[PDB]
């Protein structure tokens, strides 16, 4: 053989991948996550899983053809979950998506049914994984993935409001003529219609915008900053109306979270987690609050100081989500 005439093997020792990531679902969101992760050099192996065999194989092949231009030496795929073995991170992007004028909360029964099959199959092969839930409704589905997997809460994370806050900072950046990296502002609660803009923490270089304009984000606001949060809520629906779905911003948001987990950065992200005990919330509600994210998932929660109004709205977001949780049959 040519290979043996060219190369002498000196070590047969087959090995386990050290930094493996799995993406479940090869729809537009799943593939945006995949390409983003590959372009950030986060994994030594990427596995893709779906139920549509041809689409799955075609997606994997297309990525494989780009290997010369990447630094992820192994890209694999299968409808079989054995292909996901030894993953450090499992990203769940499977399920029904909302039509225009349909709530993400309306996806609940359909996506819980899909999760009942995916979750156990996924956890089985990767004892060291963190579960990163992207599928909607993300908050409810992070709670669902937590209850089905039986994982500790630190290991089960929802992409939640990382994208909402990225949109909030883009929009604030645009109004102020400043890069989003230097515009700070938090959108917490549901990754949906009940999200909460934390006006009290909106700042540039530590300067509170609300200290400058105390009416910031109210109906009394001369510059109607509330319209920025309105634009954040309406973002998915405006883009869906235009191109039929969304994929790039979410793929980059998910890759941002994968980077913190894979590199143990311990950076703070507004992501879906269990908030029972915080803000007088006594139920097992999952929703976005600032979390410290690293190699063991969420190791810590940032206790944001909310004004009674921001706190009322966060509790309103938690009540909405709890009501929806009351519909779950396991």
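Residue numbers count along the first chain shown, from 1. By rigid core we mean the largest C-alpha set that fits within 1.5 Å across both forms.
Farther on average from this form in 9 other deposited structures of this protein lies stretch 126 to 134, the comparison being between 173 to 181 and 126 to 134 by RMS Cα distance after core superposition. Displacement analysis by core superposition in 9 other deposited structures of this protein ranks 104 to 112 above the other of 73 to 81 and 104 to 112 in root-mean-square C-alpha distance from the shown form. The deposited model assigns a higher average Cα B-factor to 97 to 105 than to the other stretch when 97 to 105 and 189 to 197 are compared.
As recorded in the PDB entry, 218 to 226 is the stretch of 218 to 226 and 125 to 133 with the greater mean C-alpha temperature factor. Out of 57, 303, 65, 40, the entry records its largest CA B-factor for 303. Per the PDB entry, 211 shows the highest C-alpha temperature factor of the residues 113, 253, 142, 211. When the modelled residues of the chain are ordered by C-alpha B-factor, residue 16 sits in the highest third. Sort the modelled residues of the chain by CA B factor and residue 162 lands in the lowest third. The deposited CA B-factor of residue 269 belongs to the lowest third of values across its chain. Looking at the C-alpha B-factors along this chain, the one for residue 295 belongs to the middle third. In the deposited entry, the Cα temperature factor of residue 27 sits in the middle third of values across the chain's modelled residues.
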